[PDB]
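Structure file data06.pdb (PDB, C-alpha atoms (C1' of nucleotides)) is printed below.
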```pdb
ATOM      1  CA  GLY A   1      24.376 -22.498  14.042  1.00  0.00           C
ATOM      2  CA  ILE A   2      23.160 -24.822  11.298  1.00  0.00           C
ATOM      3  CA  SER A   3      26.339 -24.209   9.291  1.00  0.00           C
ATOM      4  CA  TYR A   4      29.193 -26.640   9.882  1.00  0.00           C
ATOM      5  CA  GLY A   5      31.750 -23.826  10.074  1.00  0.00           C
ATOM      6  CA  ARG A   6      30.054 -22.160  13.028  1.00  0.00           C
ATOM      7  CA  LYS A   7      30.212 -25.465  14.927  1.00  0.00           C
ATOM      8  CA  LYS A   8      33.972 -25.331  14.352  1.00  0.00           C
ATOM      9  CA  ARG A   9      34.010 -21.740  15.628  1.00  0.00           C
ATOM     10  CA  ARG A  10      31.700 -22.546  18.543  1.00  0.00           C
ATOM     11  CA  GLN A  11      33.995 -25.433  19.491  1.00  0.00           C
ATOM     12  CA  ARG A  12      37.106 -23.306  18.950  1.00  0.00           C
ATOM     13  CA  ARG A  13      35.578 -20.488  21.016  1.00  0.00           C
ATOM     14  CA  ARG A  14      34.653 -22.850  23.851  1.00  0.00           C
ATOM     15  CA  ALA A  15      38.164 -24.340  23.884  1.00  0.00           C
ATOM     16  CA  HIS A  16      39.691 -20.893  24.507  1.00  0.00           C
ATOM     17  CA  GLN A  17      37.932 -20.420  27.849  1.00  0.00           C
TER      18      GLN A  17
ATOM     19  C1'   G B   1       5.155   5.901 -30.425  1.00  0.00           C
ATOM     20  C1'   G B   2       3.375   3.768 -25.580  1.00  0.00           C
ATOM     21  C1'   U B   3       4.087   0.022 -21.418  1.00  0.00           C
ATOM     22  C1'   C B   4       8.767  -2.214 -16.092  1.00  0.00           C
ATOM     23  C1'   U B   5       6.114  -7.964 -19.359  1.00  0.00           C
ATOM     24  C1'   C B   6      10.965 -10.217 -19.299  1.00  0.00           C
ATOM     25  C1'   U B   7      16.176  -9.650 -18.879  1.00  0.00           C
ATOM     26  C1'   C B   8      20.889  -7.454 -17.708  1.00  0.00           C
ATOM     27  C1'   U B   9      23.629  -3.261 -14.926  1.00  0.00           C
ATOM     28  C1'   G B  10      23.770   0.537 -10.967  1.00  0.00           C
ATOM     29  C1'   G B  11      21.339   1.975  -6.354  1.00  0.00           C
ATOM     30  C1'   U B  12      18.207   1.424  -1.804  1.00  0.00           C
ATOM     31  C1'   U B  13      15.944  -1.633   1.739  1.00  0.00           C
ATOM     32  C1'   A B  14      15.190  -6.345   3.763  1.00  0.00           C
ATOM     33  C1'   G B  15      16.088 -11.617   4.461  1.00  0.00           C
ATOM     34  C1'   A B  16      14.685 -18.618   9.986  1.00  0.00           C
ATOM     35  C1'   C B  17      19.905 -17.496   2.768  1.00  0.00           C
ATOM     36  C1'   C B  18      25.405 -19.299   1.815  1.00  0.00           C
ATOM     37  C1'   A B  19      30.445 -18.507   3.647  1.00  0.00           C
ATOM     38  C1'   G B  20      34.341 -16.415   7.036  1.00  0.00           C
ATOM     39  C1'   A B  21      35.711 -13.642  11.714  1.00  0.00           C
ATOM     40  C1'   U B  22      36.238 -14.085  19.323  1.00  0.00           C
ATOM     41  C1'   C B  23      43.259 -19.626  15.958  1.00  0.00           C
ATOM     42  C1'   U B  24      41.567 -13.412  19.659  1.00  0.00           C
ATOM     43  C1'   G B  25      34.255  -9.317  17.663  1.00  0.00           C
ATOM     44  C1'   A B  26      30.059  -9.513  21.818  1.00  0.00           C
ATOM     45  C1'   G B  27      26.096 -11.183  24.773  1.00  0.00           C
ATOM     46  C1'   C B  28      22.546 -15.395  26.834  1.00  0.00           C
ATOM     47  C1'   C B  29      22.093 -20.676  28.860  1.00  0.00           C
ATOM     48  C1'   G B  30      23.768 -25.703  30.923  1.00  0.00           C
ATOM     49  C1'   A B  31      26.952 -29.762  35.718  1.00  0.00           C
ATOM     50  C1'   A B  32      28.667 -30.960  31.074  1.00  0.00           C
ATOM     51  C1'   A B  33      28.674 -32.727  25.508  1.00  0.00           C
ATOM     52  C1'   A B  34      26.133 -28.742  23.804  1.00  0.00           C
ATOM     53  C1'   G B  35      22.400 -24.948  22.669  1.00  0.00           C
ATOM     54  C1'   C B  36      20.358 -19.647  21.723  1.00  0.00           C
ATOM     55  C1'   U B  37      20.923 -14.512  20.037  1.00  0.00           C
ATOM     56  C1'   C B  38      24.069 -10.815  17.645  1.00  0.00           C
ATOM     57  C1'   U B  39      27.842  -7.639  15.330  1.00  0.00           C
ATOM     58  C1'   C B  40      31.421  -7.082  11.174  1.00  0.00           C
ATOM     59  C1'   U B  41      33.102  -8.586   5.835  1.00  0.00           C
ATOM     60  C1'   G B  42      32.192 -11.131   0.985  1.00  0.00           C
ATOM     61  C1'   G B  43      28.314 -13.392  -1.799  1.00  0.00           C
ATOM     62  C1'   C B  44      23.271 -14.946  -2.842  1.00  0.00           C
ATOM     63  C1'   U B  45      18.007 -14.222  -2.905  1.00  0.00           C
ATOM     64  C1'   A B  46      13.669 -10.996  -2.801  1.00  0.00           C
ATOM     65  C1'   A B  47      11.206  -6.246  -3.079  1.00  0.00           C
ATOM     66  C1'   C B  48      11.558  -1.444  -5.160  1.00  0.00           C
ATOM     67  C1'   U B  49      13.892   2.103  -8.510  1.00  0.00           C
ATOM     68  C1'   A B  50      16.538   4.286 -12.833  1.00  0.00           C
ATOM     69  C1'   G B  51      18.746   3.012 -17.221  1.00  0.00           C
ATOM     70  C1'   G B  52      20.196  -0.469 -21.704  1.00  0.00           C
ATOM     71  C1'   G B  53      18.265  -4.418 -24.552  1.00  0.00           C
ATOM     72  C1'   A B  54      14.397  -7.597 -25.716  1.00  0.00           C
ATOM     73  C1'   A B  55       9.269  -8.574 -25.708  1.00  0.00           C
ATOM     74  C1'   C B  56       4.156  -7.302 -26.238  1.00  0.00           C
ATOM     75  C1'   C B  57       0.075  -3.584 -27.794  1.00  0.00           C
TER      76        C B  57
END
```
Could you express the structure from this file as structure tokens?
Amino acid sequence: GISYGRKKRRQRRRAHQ
RNA sequence: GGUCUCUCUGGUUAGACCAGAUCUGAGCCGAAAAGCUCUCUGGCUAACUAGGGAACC
């Protein structure tokens, strides 16, 4: 998860339930 | 003439490597902000291998 893009995906994934 | 020493190309395998994918790939954890592990695709890096070239004897 060190990559900034995964943080975006992790946040996007959390936002969609 | 011999030799993978270097280098490039193809291939195989791997990788606490770089990107992207649940704006619809999956699991784990927390009360939560978050965190952890994967899978798929492109690339990179390393090992090994064949071949071209170079280098050395």
Original post:
Just so the selection is clear, what residues does the PyMOL selection byres ((chain B and resi 51) around 9) cover here, as a list in words?
Top reply: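 Expected selection for the PyMOL selection byres ((chain B and resi 51) around 9) here is residues 9, 10, 50 and 52 of chain B.
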**OP:** Would you translate the PyMOL selection byres ((chain B) within 10 of (chain A)) into the concrete set of residues it matches in this file, as a ChimeraX atom specification?
**Re:** /B:18-24,34-36
**OP:** Could you list the residues chosen by the PyMOL selection byres ((chain B and resi 12-15) around 12) in this structure as a ChimeraX atom specification?
**Re:** /B:10-11,16-17,44-50
Original post:
Which distance in Å separates atom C1' of residue B:43 and atom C1' of residue B:6, to one decimal?
Top reply: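 For atom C1' of residue B:43 relative to atom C1' of residue B:6, the distance reads 24.8 Å.
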Original post:
What gap, in Å, lies between atom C1' of residue B:1 and atom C1' of residue B:56?
Top reply: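 Atom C1' of residue B:1 sits 13.9 Å away from atom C1' of residue B:56.
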